[PDB]
file run.txt (compact mmCIF, C-alpha atoms)
# COMPACT_ATOMS: atom_id res chain seq x y z
CA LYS A 1 -1.65 -133.21 92.93
CA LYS A 2 -4.43 -131.16 94.53
CA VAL A 3 -4.22 -127.80 92.77
CA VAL A 4 -7.00 -125.59 94.08
CA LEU A 5 -7.35 -121.93 93.20
CA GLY A 6 -8.60 -119.14 95.42
CA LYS A 7 -9.49 -115.47 95.42
CA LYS A 8 -7.76 -112.69 97.36
CA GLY A 9 -9.44 -112.08 100.69
CA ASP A 10 -11.97 -114.77 99.78
CA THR A 11 -11.49 -118.12 101.53
CA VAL A 12 -10.98 -121.74 100.49
CA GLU A 13 -11.29 -125.19 101.92
CA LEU A 14 -8.57 -127.79 101.69
CA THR A 15 -9.82 -131.27 101.88
CA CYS A 16 -8.30 -134.04 103.86
CA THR A 17 -9.87 -137.22 105.06
CA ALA A 18 -8.82 -140.86 104.96
CA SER A 19 -10.40 -144.22 105.80
CA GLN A 20 -10.78 -145.06 109.52
CA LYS A 21 -13.04 -141.94 109.71
CA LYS A 22 -12.63 -141.51 113.51
CA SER A 23 -11.25 -138.44 115.35
CA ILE A 24 -7.55 -139.07 114.86
CA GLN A 25 -4.34 -137.00 114.77
CA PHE A 26 -3.64 -134.94 111.71
CA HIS A 27 -1.51 -131.95 110.86
CA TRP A 28 -1.34 -129.48 108.05
CA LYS A 29 2.15 -128.29 107.20
CA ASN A 30 3.31 -126.26 104.20
CA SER A 31 6.22 -127.24 101.97
CA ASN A 32 8.38 -125.50 104.59
CA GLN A 33 7.48 -128.22 107.04
CA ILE A 34 5.79 -125.68 109.25
CA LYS A 35 2.61 -126.71 111.01
CA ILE A 36 -0.35 -124.61 110.01
CA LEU A 37 -2.70 -126.11 112.58
CA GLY A 38 -3.06 -129.45 114.31
CA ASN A 39 -5.04 -131.29 116.94
CA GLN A 40 -4.98 -132.83 120.38
CA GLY A 41 -8.49 -134.10 121.09
CA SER A 42 -11.21 -131.48 120.76
CA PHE A 43 -8.53 -128.88 121.36
CA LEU A 44 -7.72 -127.42 117.93
CA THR A 45 -4.24 -125.95 117.56
CA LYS A 46 -2.25 -123.85 115.05
CA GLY A 47 1.37 -123.00 114.35
CA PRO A 48 3.94 -120.12 114.38
CA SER A 49 3.53 -119.90 110.60
CA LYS A 50 2.47 -116.63 109.01
CA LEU A 51 -0.89 -118.32 108.26
CA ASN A 52 -1.70 -118.65 111.97
CA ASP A 53 -4.90 -116.89 113.02
CA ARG A 54 -6.46 -117.12 109.59
CA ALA A 55 -6.47 -120.89 109.39
CA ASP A 56 -9.13 -123.08 110.92
CA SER A 57 -10.46 -126.64 110.85
CA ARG A 58 -14.00 -127.90 111.48
CA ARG A 59 -13.99 -129.88 114.72
CA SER A 60 -17.51 -131.16 114.07
CA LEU A 61 -16.54 -132.50 110.67
CA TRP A 62 -13.52 -133.93 112.53
CA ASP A 63 -15.52 -136.84 113.95
CA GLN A 64 -16.42 -137.95 110.38
CA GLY A 65 -12.85 -138.17 109.14
CA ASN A 66 -12.40 -134.65 107.76
CA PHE A 67 -9.53 -132.70 109.13
CA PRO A 68 -10.33 -129.75 106.78
CA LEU A 69 -8.25 -126.58 106.40
CA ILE A 70 -10.11 -123.29 106.13
CA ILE A 71 -8.06 -120.24 105.19
CA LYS A 72 -9.84 -116.92 105.63
CA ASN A 73 -8.69 -113.54 104.31
CA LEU A 74 -6.61 -115.08 101.53
CA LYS A 75 -3.18 -113.45 101.31
CA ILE A 76 -1.72 -113.68 97.78
CA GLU A 77 1.37 -115.00 99.45
CA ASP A 78 -0.59 -118.02 100.67
CA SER A 79 0.16 -119.71 97.37
CA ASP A 80 2.03 -122.84 98.47
CA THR A 81 1.96 -126.63 98.60
CA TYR A 82 0.40 -127.65 101.96
CA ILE A 83 0.47 -131.23 103.17
CA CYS A 84 -2.04 -132.95 105.33
CA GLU A 85 -0.16 -135.59 107.24
CA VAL A 86 -2.95 -137.89 108.44
CA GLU A 87 -2.60 -141.32 110.09
CA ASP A 88 0.29 -142.78 107.82
CA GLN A 89 0.10 -140.84 104.52
CA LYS A 90 0.57 -137.42 102.92
CA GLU A 91 -1.72 -135.19 100.87
CA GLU A 92 0.02 -132.60 98.68
CA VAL A 93 -2.13 -129.53 97.88
CA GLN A 94 -1.01 -126.40 96.06
CA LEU A 95 -3.32 -123.43 96.55
CA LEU A 96 -2.71 -120.84 93.86
CA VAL A 97 -4.58 -117.59 94.44
CA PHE A 98 -5.38 -114.86 91.91
CA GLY A 99 -6.82 -111.36 91.82
CA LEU A 100 -8.47 -109.69 88.80
CA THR A 101 -8.57 -105.91 89.06
CA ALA A 102 -9.32 -102.69 87.24
CA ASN A 103 -7.26 -99.64 88.29
CA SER A 104 -9.15 -96.97 86.24
CA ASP A 105 -12.17 -97.43 88.50
CA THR A 106 -14.81 -94.95 89.92
CA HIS A 107 -17.33 -93.23 87.63
CA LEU A 108 -16.52 -94.48 84.12
CA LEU A 109 -18.07 -92.55 81.32
CA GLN A 110 -17.89 -93.53 77.68
CA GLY A 111 -14.76 -94.32 75.70
CA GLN A 112 -12.37 -93.94 78.58
CA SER A 113 -10.71 -97.32 78.41
CA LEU A 114 -11.02 -99.99 81.05
CA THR A 115 -7.94 -101.95 82.14
CA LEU A 116 -7.73 -105.37 83.81
CA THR A 117 -4.42 -106.33 85.36
CA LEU A 118 -4.03 -109.56 87.32
CA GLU A 119 -2.34 -110.78 90.54
CA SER A 120 -0.94 -114.30 90.67
CA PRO A 121 1.70 -116.41 92.42
CA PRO A 122 5.13 -115.34 91.04
CA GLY A 123 5.59 -118.60 89.32
CA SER A 124 2.43 -119.73 87.57
CA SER A 125 0.56 -118.48 84.61
CA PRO A 126 -3.00 -117.32 84.20
CA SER A 127 -5.09 -116.39 81.15
CA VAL A 128 -8.15 -114.26 81.32
CA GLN A 129 -11.33 -114.58 79.27
CA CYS A 130 -13.49 -111.63 80.20
CA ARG A 131 -17.00 -112.44 79.06
CA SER A 132 -19.00 -109.21 78.79
CA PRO A 133 -22.52 -108.66 80.21
CA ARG A 134 -23.46 -108.67 76.58
CA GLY A 135 -21.43 -110.57 74.02
CA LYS A 136 -17.73 -110.07 73.19
CA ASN A 137 -15.60 -112.89 74.68
CA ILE A 138 -12.73 -110.50 75.24
CA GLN A 139 -9.63 -112.40 76.42
CA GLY A 140 -5.99 -111.58 77.09
CA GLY A 141 -2.92 -112.30 79.26
CA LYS A 142 -1.88 -111.23 82.77
CA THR A 143 -3.64 -108.17 81.54
CA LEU A 144 -6.46 -107.31 79.21
CA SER A 145 -8.23 -103.96 78.89
CA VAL A 146 -11.52 -103.04 77.24
CA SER A 147 -10.99 -100.32 74.57
CA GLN A 148 -13.56 -97.53 74.62
CA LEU A 149 -16.61 -98.62 76.52
CA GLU A 150 -19.92 -98.35 74.60
CA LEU A 151 -23.14 -98.18 76.65
CA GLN A 152 -24.27 -101.84 76.27
CA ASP A 153 -21.09 -103.02 77.96
CA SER A 154 -22.55 -101.73 81.20
CA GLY A 155 -23.15 -104.20 83.99
CA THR A 156 -21.49 -107.23 85.37
CA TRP A 157 -18.76 -108.99 83.46
CA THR A 158 -17.40 -112.46 84.20
CA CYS A 159 -13.63 -112.78 83.56
CA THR A 160 -12.11 -116.20 84.05
CA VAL A 161 -8.59 -116.77 85.34
CA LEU A 162 -7.49 -119.95 83.63
CA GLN A 163 -4.53 -121.72 85.10
CA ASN A 164 -3.99 -125.48 84.88
CA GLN A 165 -6.92 -127.82 84.19
CA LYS A 166 -8.49 -125.59 86.85
CA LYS A 167 -9.96 -122.08 86.34
CA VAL A 168 -11.30 -119.38 88.65
CA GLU A 169 -14.12 -117.02 87.63
CA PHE A 170 -14.20 -113.34 88.58
CA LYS A 171 -17.17 -110.96 88.82
CA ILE A 172 -16.19 -107.41 88.12
CA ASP A 173 -18.82 -104.69 87.67
CA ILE A 174 -18.47 -102.05 84.92
CA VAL A 175 -21.04 -99.35 84.38
CA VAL A 176 -20.65 -96.87 81.51
CA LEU A 177 -22.22 -93.48 82.13
CA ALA A 178 -23.35 -91.80 78.93
CA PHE A 179 -26.19 -89.45 78.44
CA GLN A 180 -29.29 -91.26 77.13
CA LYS A 181 -29.11 -89.71 73.63
CA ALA A 182 -26.61 -89.06 70.83
CA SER A 183 -27.94 -86.40 68.48
CA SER A 184 -31.09 -84.80 69.77
CA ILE A 185 -32.89 -82.92 67.08
CA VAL A 186 -35.71 -80.35 67.16
CA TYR A 187 -37.62 -79.11 64.16
CA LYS A 188 -39.42 -75.82 64.79
CA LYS A 189 -40.54 -72.68 62.95
CA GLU A 190 -39.79 -68.94 63.20
CA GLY A 191 -41.55 -68.37 66.48
CA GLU A 192 -42.22 -71.74 68.17
CA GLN A 193 -40.71 -71.68 71.64
CA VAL A 194 -37.93 -74.33 71.50
CA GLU A 195 -37.08 -76.75 74.24
CA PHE A 196 -34.19 -79.25 74.53
CA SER A 197 -33.59 -82.11 76.91
CA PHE A 198 -30.69 -84.33 77.85
CA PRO A 199 -31.19 -86.74 80.83
CA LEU A 200 -28.69 -88.82 82.89
CA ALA A 201 -29.30 -91.59 85.60
CA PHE A 202 -29.60 -90.06 89.12
CA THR A 203 -26.27 -90.50 91.18
CA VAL A 204 -25.01 -88.67 94.28
CA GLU A 205 -21.34 -87.82 95.13
CA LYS A 206 -19.67 -84.72 96.53
CA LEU A 207 -18.38 -81.56 94.85
CA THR A 208 -19.08 -83.04 91.33
CA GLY A 209 -19.94 -81.25 88.10
CA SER A 210 -20.10 -78.54 85.47
CA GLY A 211 -19.57 -77.91 81.80
CA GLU A 212 -21.26 -76.09 78.96
CA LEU A 213 -22.96 -76.24 75.58
CA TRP A 214 -21.22 -74.95 72.41
CA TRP A 215 -23.09 -73.90 69.27
CA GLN A 216 -22.25 -73.55 65.60
CA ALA A 217 -24.96 -71.29 64.26
CA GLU A 218 -25.59 -71.70 60.54
CA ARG A 219 -23.41 -69.29 58.56
CA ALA A 220 -22.93 -67.13 61.68
CA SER A 221 -19.35 -68.39 62.24
CA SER A 222 -19.75 -65.96 65.15
CA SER A 223 -18.94 -68.84 67.51
CA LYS A 224 -17.79 -68.87 71.14
CA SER A 225 -21.48 -68.49 71.67
CA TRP A 226 -22.57 -70.46 74.71
CA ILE A 227 -24.08 -71.04 78.16
CA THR A 228 -22.13 -72.34 81.19
CA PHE A 229 -23.54 -74.39 84.09
CA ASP A 230 -22.49 -75.82 87.46
CA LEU A 231 -24.25 -78.75 89.08
CA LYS A 232 -24.38 -80.27 92.59
CA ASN A 233 -26.93 -82.98 93.47
CA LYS A 234 -30.45 -82.16 92.24
CA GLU A 235 -29.23 -78.58 91.85
CA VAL A 236 -28.09 -76.96 88.61
CA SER A 237 -27.23 -73.35 87.98
CA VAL A 238 -25.78 -71.30 85.18
CA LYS A 239 -22.22 -70.50 86.02
CA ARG A 240 -22.52 -67.50 83.82
CA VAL A 241 -22.55 -66.77 80.11
CA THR A 242 -25.71 -67.19 77.91
CA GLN A 243 -25.97 -63.76 76.34
CA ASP A 244 -26.87 -63.67 72.66
CA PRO A 245 -30.34 -65.28 72.92
CA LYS A 246 -32.46 -65.43 76.08
CA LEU A 247 -31.69 -69.16 76.78
CA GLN A 248 -33.13 -70.11 80.11
CA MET A 249 -32.08 -73.06 82.16
CA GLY A 250 -33.63 -75.05 84.94
CA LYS A 251 -32.98 -75.25 88.63
CA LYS A 252 -33.73 -78.96 88.47
CA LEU A 253 -31.52 -81.89 87.45
CA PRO A 254 -33.44 -82.97 84.33
CA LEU A 255 -31.85 -80.09 82.31
CA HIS A 256 -34.05 -78.11 79.89
CA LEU A 257 -32.11 -75.88 77.58
CA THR A 258 -34.92 -73.50 76.72
CA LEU A 259 -35.02 -71.30 73.63
CA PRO A 260 -37.68 -68.57 73.96
CA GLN A 261 -38.72 -68.00 70.30
CA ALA A 262 -37.33 -70.20 67.51
CA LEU A 263 -35.89 -67.36 65.49
CA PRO A 264 -34.20 -68.35 62.18
CA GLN A 265 -30.57 -67.53 63.13
CA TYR A 266 -30.65 -70.04 65.98
CA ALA A 267 -30.26 -73.03 63.71
CA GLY A 268 -27.29 -75.36 63.69
CA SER A 269 -25.31 -77.99 65.60
CA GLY A 270 -24.06 -78.05 69.17
CA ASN A 271 -22.22 -80.19 71.66
CA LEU A 272 -23.32 -80.24 75.29
CA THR A 273 -20.24 -81.35 77.19
CA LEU A 274 -20.70 -82.55 80.76
CA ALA A 275 -17.76 -83.29 83.02
CA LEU A 276 -17.94 -84.27 86.68
CA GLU A 277 -15.61 -86.24 88.88
CA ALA A 278 -14.09 -88.01 91.76
CA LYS A 279 -12.02 -89.40 88.97
CA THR A 280 -13.27 -87.21 86.13
CA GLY A 281 -14.02 -87.68 82.48
CA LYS A 282 -16.27 -85.65 80.18
CA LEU A 283 -19.57 -86.68 78.64
CA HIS A 284 -20.81 -85.34 75.36
CA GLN A 285 -24.11 -85.44 73.57
CA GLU A 286 -25.04 -83.68 70.37
CA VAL A 287 -27.70 -80.97 69.87
CA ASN A 288 -29.26 -79.53 66.68
CA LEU A 289 -31.94 -76.97 65.73
CA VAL A 290 -33.80 -76.36 62.43
CA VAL A 291 -36.16 -73.48 61.64
CA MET A 292 -38.86 -72.95 59.01
CA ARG A 293 -40.17 -69.49 57.97
CA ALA A 294 -43.39 -69.33 55.94
CA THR A 295 -43.93 -65.72 54.90
CA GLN A 296 -45.70 -64.15 51.87
CA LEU A 297 -43.64 -61.25 50.50
CA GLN A 298 -46.43 -59.05 49.18
CA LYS A 299 -49.11 -60.53 46.89
CA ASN A 300 -46.47 -63.26 46.31
CA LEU A 301 -44.97 -65.74 48.85
CA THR A 302 -42.01 -67.87 50.03
CA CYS A 303 -40.80 -70.05 52.89
CA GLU A 304 -37.43 -71.41 54.00
CA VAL A 305 -35.91 -74.01 56.34
CA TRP A 306 -32.65 -73.14 58.06
CA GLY A 307 -30.24 -75.22 60.10
CA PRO A 308 -29.15 -78.87 59.80
CA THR A 309 -31.25 -80.04 56.89
CA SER A 310 -30.45 -83.16 54.84
CA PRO A 311 -29.51 -83.11 51.12
CA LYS A 312 -32.09 -85.92 51.00
CA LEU A 313 -35.06 -83.82 52.15
CA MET A 314 -37.68 -81.94 50.19
CA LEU A 315 -39.68 -78.75 50.73
CA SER A 316 -43.08 -78.13 49.30
CA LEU A 317 -45.66 -75.39 49.25
CA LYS A 318 -49.30 -76.03 48.51
CA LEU A 319 -52.54 -74.40 49.51
CA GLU A 320 -53.67 -77.67 51.18
CA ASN A 321 -56.78 -77.98 48.97
CA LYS A 322 -55.03 -79.08 45.82
CA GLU A 323 -51.72 -80.98 45.45
CA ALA A 324 -48.11 -79.66 45.07
CA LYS A 325 -48.00 -75.98 44.22
CA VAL A 326 -44.19 -76.39 44.19
CA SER A 327 -42.12 -79.38 45.22
CA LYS A 328 -38.30 -79.33 45.52
CA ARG A 329 -35.09 -80.37 47.28
CA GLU A 330 -33.72 -77.25 49.03
CA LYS A 331 -34.12 -74.81 51.89
CA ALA A 332 -35.43 -71.69 50.22
CA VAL A 333 -38.28 -72.35 47.81
CA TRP A 334 -40.69 -69.76 46.45
CA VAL A 335 -44.25 -69.73 45.15
CA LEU A 336 -44.88 -66.56 43.13
CA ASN A 337 -48.61 -65.77 42.72
CA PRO A 338 -50.61 -67.70 45.34
CA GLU A 339 -54.45 -68.21 45.56
CA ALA A 340 -56.55 -68.05 48.69
CA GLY A 341 -56.16 -71.07 50.96
CA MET A 342 -54.38 -71.81 54.24
CA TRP A 343 -51.06 -72.82 52.70
CA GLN A 344 -48.75 -75.43 54.19
CA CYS A 345 -44.97 -75.43 53.90
CA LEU A 346 -43.52 -78.95 54.15
CA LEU A 347 -40.04 -80.22 55.03
CA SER A 348 -39.47 -84.04 55.13
CA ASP A 349 -37.10 -86.78 53.71
CA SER A 350 -38.24 -90.10 52.23
CA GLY A 351 -41.90 -89.52 53.19
CA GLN A 352 -42.78 -88.76 56.83
CA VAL A 353 -43.45 -85.07 57.34
CA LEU A 354 -40.81 -83.20 59.28
CA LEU A 355 -41.69 -79.49 59.38
CA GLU A 356 -45.14 -78.05 58.75
CA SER A 357 -45.94 -74.33 58.84
CA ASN A 358 -49.34 -72.94 57.92
CA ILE A 359 -50.18 -69.50 56.48
CA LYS A 360 -53.09 -67.92 54.46
CA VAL A 361 -53.34 -65.91 51.13
CA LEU A 362 -55.82 -63.04 50.71
CA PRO A 363 -57.52 -62.35 47.30
call {"tool": "encode", "arguments": {"input": "run.txt", "output": "C-alpha cells"}}
result
Amino acid sequence: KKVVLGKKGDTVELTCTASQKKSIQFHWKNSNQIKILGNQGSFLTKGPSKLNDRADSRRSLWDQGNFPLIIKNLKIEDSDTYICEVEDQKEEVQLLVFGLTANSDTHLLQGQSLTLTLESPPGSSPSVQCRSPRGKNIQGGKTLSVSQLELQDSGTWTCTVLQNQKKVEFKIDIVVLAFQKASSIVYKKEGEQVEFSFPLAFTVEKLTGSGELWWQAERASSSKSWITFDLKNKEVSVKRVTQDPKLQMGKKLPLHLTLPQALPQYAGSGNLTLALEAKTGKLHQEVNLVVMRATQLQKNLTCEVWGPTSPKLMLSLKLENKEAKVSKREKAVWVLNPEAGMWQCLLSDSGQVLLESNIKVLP
C-alpha cells in the first residue's frame, strides 16, 4: 500500500482524502489501533499514542477533503503502518524512516577514511548509492565507507537510501583538508636567499595545532635536523628547535619557511607534517631544495648542482656568446681552460631551463 519514506527529525505528510470532499470525521490510527489524532468540527484532536504532540493535521485543507497527517521531528521508531479511517473506508500507509550518517566526522584531512552507517526500521532493507560531488558512484549496504579521501572528493555528496520501489536521497557534506601542494620545489644557487611556502584554507577552532618539518640533507645523513612550530588562529610560532641553519619563520598564518643563504649543503627532501585537532589527523606536504655552484677554480672553472636532481636532467657550461662549451647529464661538470665571457651554468630536463648561474672569466 502507501509506503512513504522519511528522514530522521525531518517531517513527512501522509495523505488522506476521499470523495465527498466536505469537512467530515476522520481518524488516523496506527496498526496498534491507537488514534494518532482525530477531529470534532474545527477542534483538532490527538491521542495517547507516543506520537502525540508531534502529529498535526491541516484544518484549512480539511474543508477540501484532506485530513492530512503531519509528523514533525521524525522518531526512527515512527516506522509503522498508519490507517486513515475516513467516512467508510481504510487507507493503509507504512512510513519507513532512515538516517544516513558518518561517525568519523569533524575536520577530515586526507586519507583518513570516511564511514557511512545507516539507521532503518528493524525489519526492512536499504541500499545506499553515495554519488560523490565529483564522479564515483560509490554504493554499499547498511554501511558503505569512502576509502582514503583525495582532495576532489570535497563537497556535498548525495547518497540514496533505496528501499522498495521508493528511495530517499541524503545530502551529507564531506570536506577534505589537504595543503594546496604536494611536492613544492625550489631551484636556487649557492647564495640566493631561499623561501618556501605551504598554504591552507583559513578555519578557526580552539586550542588547535602544531607539528614540524623534517629534512634529509643530501649525503649529510646527519638527520633529526628540524624546526618545530605551534599554531593558534592567525598566530604561528616556533615551538623551539631550528638550529643548524638560520631558518626563520613567520608570525603570520601563511607560513614562510625562510632559508637565509642557499648554501650547497642545504639541498634535499623534506616533509612538513601538520597536525591539529578537535578530532585530529596529520597533514603532510613535501618540500625539496636544489643548489647550483658556479665557481672557477683558478684559471680553470667548474660548477655543480646539489640536491634532488633528476637522472633525466642535463648541465651545461658555455660562455653565452658561443654554443655548448660542455654539455652533460650529471651534477658536477667541469670546463678546464675558459675564455673571457660571462659564463652561464645550466640545469634543465627535456628543454625548459631550470637553474641558471652566471659568472665571468678574466684573460
call {"tool": "residues_around", "arguments": {"input": "run.txt", "residues": "region 201-209 of chain A", "least_positions_apart": "2", "cutoff": "7 Å", "atoms": "all atoms listed in the file", "output": "NGL selection string"}}
result
:A and (230-233 or 275-277)
call {"tool": "residues_near_point", "arguments": {"input": "run.txt", "point": "(-21.4, -97.3, 73.6)", "cutoff": "9 Å", "atoms": "all atoms listed in the file", "output": "ChimeraX atom specification"}}
result
/A:110-111,148-154,176,178
call {"tool": "write_last_selection", "arguments": {"input": "run.txt", "atoms": "C-alpha atoms", "output": "compact mmCIF listing (two decimals), in the coordinates of the input"}}
result
# COMPACT_ATOMS: atom_id res chain seq x y z
CA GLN A 110 -17.89 -93.53 77.68
CA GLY A 111 -14.76 -94.32 75.70
CA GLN A 148 -13.56 -97.53 74.62
CA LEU A 149 -16.61 -98.62 76.52
CA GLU A 150 -19.92 -98.35 74.60
CA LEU A 151 -23.14 -98.18 76.65
CA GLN A 152 -24.27 -101.84 76.27
CA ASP A 153 -21.09 -103.02 77.96
CA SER A 154 -22.55 -101.73 81.20
CA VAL A 176 -20.65 -96.87 81.51
CA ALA A 178 -23.35 -91.80 78.93
call {"tool": "atom_distance", "arguments": {"input": "run.txt", "atom1": "CA of residue 352 (chain A)", "atom2": "CA of residue 315 (chain A)"}}
result
12.1 Å
call {"tool": "atom_distance", "arguments": {"input": "run.txt", "atom1": "CA of residue 361 (chain A)", "atom2": "CA of residue 307 (chain A)"}}
result
26.5 Å
call {"tool": "residues_around", "arguments": {"input": "run.txt", "residues": "region 242-251 of chain A", "least_positions_apart": "2", "cutoff": "12 Å", "atoms": "all atoms listed in the file", "output": "ChimeraX atom specification"}}
result
/A:193-197,212-215,217,222-240,253-266
call {"tool": "write_last_selection", "arguments": {"input": "run.txt", "atoms": "C-alpha atoms", "output": "PDB file, in the frame of the given file"}}
result
ATOM      1  CA  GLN A 193     -40.710 -71.680  71.640  1.00  0.00           C
ATOM      2  CA  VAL A 194     -37.930 -74.330  71.500  1.00  0.00           C
ATOM      3  CA  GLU A 195     -37.080 -76.750  74.240  1.00  0.00           C
ATOM      4  CA  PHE A 196     -34.190 -79.250  74.530  1.00  0.00           C
ATOM      5  CA  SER A 197     -33.590 -82.110  76.910  1.00  0.00           C
ATOM      6  CA  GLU A 212     -21.260 -76.090  78.960  1.00  0.00           C
ATOM      7  CA  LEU A 213     -22.960 -76.240  75.580  1.00  0.00           C
ATOM      8  CA  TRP A 214     -21.220 -74.950  72.410  1.00  0.00           C
ATOM      9  CA  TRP A 215     -23.090 -73.900  69.270  1.00  0.00           C
ATOM     10  CA  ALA A 217     -24.960 -71.290  64.260  1.00  0.00           C
ATOM     11  CA  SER A 222     -19.750 -65.960  65.150  1.00  0.00           C
ATOM     12  CA  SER A 223     -18.940 -68.840  67.510  1.00  0.00           C
ATOM     13  CA  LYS A 224     -17.790 -68.870  71.140  1.00  0.00           C
ATOM     14  CA  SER A 225     -21.480 -68.490  71.670  1.00  0.00           C
ATOM     15  CA  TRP A 226     -22.570 -70.460  74.710  1.00  0.00           C
ATOM     16  CA  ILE A 227     -24.080 -71.040  78.160  1.00  0.00           C
ATOM     17  CA  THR A 228     -22.130 -72.340  81.190  1.00  0.00           C
ATOM     18  CA  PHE A 229     -23.540 -74.390  84.090  1.00  0.00           C
ATOM     19  CA  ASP A 230     -22.490 -75.820  87.460  1.00  0.00           C
ATOM     20  CA  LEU A 231     -24.250 -78.750  89.080  1.00  0.00           C
ATOM     21  CA  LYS A 232     -24.380 -80.270  92.590  1.00  0.00           C
ATOM     22  CA  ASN A 233     -26.930 -82.980  93.470  1.00  0.00           C
ATOM     23  CA  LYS A 234     -30.450 -82.160  92.240  1.00  0.00           C
ATOM     24  CA  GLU A 235     -29.230 -78.580  91.850  1.00  0.00           C
ATOM     25  CA  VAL A 236     -28.090 -76.960  88.610  1.00  0.00           C
ATOM     26  CA  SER A 237     -27.230 -73.350  87.980  1.00  0.00           C
ATOM     27  CA  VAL A 238     -25.780 -71.300  85.180  1.00  0.00           C
ATOM     28  CA  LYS A 239     -22.220 -70.500  86.020  1.00  0.00           C
ATOM     29  CA  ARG A 240     -22.520 -67.500  83.820  1.00  0.00           C
ATOM     30  CA  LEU A 253     -31.520 -81.890  87.450  1.00  0.00           C
ATOM     31  CA  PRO A 254     -33.440 -82.970  84.330  1.00  0.00           C
ATOM     32  CA  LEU A 255     -31.850 -80.090  82.310  1.00  0.00           C
ATOM     33  CA  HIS A 256     -34.050 -78.110  79.890  1.00  0.00           C
ATOM     34  CA  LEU A 257     -32.110 -75.880  77.580  1.00  0.00           C
ATOM     35  CA  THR A 258     -34.920 -73.500  76.720  1.00  0.00           C
ATOM     36  CA  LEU A 259     -35.020 -71.300  73.630  1.00  0.00           C
ATOM     37  CA  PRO A 260     -37.680 -68.570  73.960  1.00  0.00           C
ATOM     38  CA  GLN A 261     -38.720 -68.000  70.300  1.00  0.00           C
ATOM     39  CA  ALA A 262     -37.330 -70.200  67.510  1.00  0.00           C
ATOM     40  CA  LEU A 263     -35.890 -67.360  65.490  1.00  0.00           C
ATOM     41  CA  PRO A 264     -34.200 -68.350  62.180  1.00  0.00           C
ATOM     42  CA  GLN A 265     -30.570 -67.530  63.130  1.00  0.00           C
ATOM     43  CA  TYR A 266     -30.650 -70.040  65.980  1.00  0.00           C
TER      44      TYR A 266
END
call {"tool": "closest_atom_pairs", "arguments": {"input": "run.txt", "of": "region 150-245 of chain A", "to": "region 294-300 of chain A", "cutoff": "12 Å", "atoms": "only C-alpha atoms", "output": "CSV"}}
result
residue,atom,partner,partner_atom,distance
A:188,CA,A:294,CA,11.7
A:189,CA,A:294,CA,8.3
A:190,CA,A:294,CA,8.1
A:191,CA,A:294,CA,10.7
call {"tool": "residues_near_point", "arguments": {"input": "run.txt", "point": "(-27.8, -86.5, 47.2)", "cutoff": "12 Å", "atoms": "only C-alpha atoms", "output": "ChimeraX atom specification"}}
result
/A:310-314,329-330,349
call {"tool": "atom_distance", "arguments": {"input": "run.txt", "atom1": "CA of residue 218 (chain A)", "atom2": "CA of residue 268 (chain A)"}}
result
5.1 Å
call {"tool": "closest_residue", "arguments": {"input": "run.txt", "among": "A:316, A:15, A:124, A:337", "to": "residue 358 (chain A)", "atoms": "all atoms listed in the file"}}
result
A:316
call {"tool": "axis_aligned_box", "arguments": {"input": "run.txt", "around": "region 161-173 of chain A", "padding_each_side": "3 Å", "output": "AutoDock Vina command-line options"}}
result
--center_x -11.4 --center_y -116.3 --center_z 86.2 --size_x 20.8 --size_y 29.1 --size_z 11.2
call {"tool": "closest_residue", "arguments": {"input": "run.txt", "among": "A:5, A:70, A:19, A:327", "to": "residue 37 (chain A)", "atoms": "all atoms listed in the file"}}
result
A:70
call {"tool": "residues_around", "arguments": {"input": "run.txt", "residues": "residue 12 (chain A)", "least_positions_apart": "6", "cutoff": "9 Å", "atoms": "all atoms listed in the file", "output": "mmCIF file with C-alpha atoms, in the frame of the given file"}}
result
data_model
loop_
_atom_site.group_PDB
_atom_site.id
_atom_site.type_symbol
_atom_site.label_atom_id
_atom_site.label_comp_id
_atom_site.auth_asym_id
_atom_site.auth_seq_id
_atom_site.Cartn_x
_atom_site.Cartn_y
_atom_site.Cartn_z
ATOM 1 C CA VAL A 4 -7.000 -125.590 94.080
ATOM 2 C CA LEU A 5 -7.350 -121.930 93.200
ATOM 3 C CA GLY A 6 -8.600 -119.140 95.420
ATOM 4 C CA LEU A 69 -8.250 -126.580 106.400
ATOM 5 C CA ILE A 70 -10.110 -123.290 106.130
ATOM 6 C CA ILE A 71 -8.060 -120.240 105.190
ATOM 7 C CA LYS A 72 -9.840 -116.920 105.630
ATOM 8 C CA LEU A 74 -6.610 -115.080 101.530
ATOM 9 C CA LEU A 95 -3.320 -123.430 96.550
#
call {"tool": "closest_residue", "arguments": {"input": "run.txt", "among": "A:16, A:84, A:362, A:336", "to": "residue 68 (chain A)", "atoms": "all atoms listed in the file"}}
result
A:16
call {"tool": "closest_atom_pairs", "arguments": {"input": "run.txt", "of": "region 111-184 of chain A", "to": "region 102-107 of chain A", "cutoff": "7 Å", "atoms": "only C-alpha atoms", "output": "JSON lines"}}
result
{"residue": "A:114", "atom": "CA", "partner": "A:104", "partner_atom": "CA", "distance": 6.3}
{"residue": "A:115", "atom": "CA", "partner": "A:102", "partner_atom": "CA", "distance": 5.3}
{"residue": "A:116", "atom": "CA", "partner": "A:102", "partner_atom": "CA", "distance": 4.6}
{"residue": "A:117", "atom": "CA", "partner": "A:102", "partner_atom": "CA", "distance": 6.4}
call {"tool": "closest_residue", "arguments": {"input": "run.txt", "among": "A:318, A:142, A:328, A:282", "to": "residue 341 (chain A)", "atoms": "all atoms listed in the file"}}
result
A:318
call {"tool": "residues_around", "arguments": {"input": "run.txt", "residues": "region 319-323 of chain A", "least_positions_apart": "3", "cutoff": "9 Å", "atoms": "all atoms listed in the file", "output": "ChimeraX atom specification"}}
result
/A:326,338-345,359-361
call {"tool": "closest_residue", "arguments": {"input": "run.txt", "among": "A:34, A:185, A:128, A:97", "to": "residue 162 (chain A)", "atoms": "only C-alpha atoms"}}
result
A:128
call {"tool": "residues_around", "arguments": {"input": "run.txt", "residues": "residue 127 (chain A)", "least_positions_apart": "2", "cutoff": "9 Å", "atoms": "all atoms listed in the file", "output": "list in words"}}
result
residues 125, 129, 139, 140, 141, 142, 143, 160, 161, 162 and 163 of chain A
call {"tool": "write_last_selection", "arguments": {"input": "run.txt", "atoms": "C-alpha atoms", "output": "short mmCIF file (atom, residue, chain, number, x, y, z; two decimals), in the coordinates of the input"}}
result
data_model
loop_
_atom_site.label_atom_id
_atom_site.label_comp_id
_atom_site.auth_asym_id
_atom_site.auth_seq_id
_atom_site.Cartn_x
_atom_site.Cartn_y
_atom_site.Cartn_z
CA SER A 125 0.56 -118.48 84.61
CA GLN A 129 -11.33 -114.58 79.27
CA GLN A 139 -9.63 -112.40 76.42
CA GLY A 140 -5.99 -111.58 77.09
CA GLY A 141 -2.92 -112.30 79.26
CA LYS A 142 -1.88 -111.23 82.77
CA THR A 143 -3.64 -108.17 81.54
CA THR A 160 -12.11 -116.20 84.05
CA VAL A 161 -8.59 -116.77 85.34
CA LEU A 162 -7.49 -119.95 83.63
CA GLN A 163 -4.53 -121.72 85.10
#
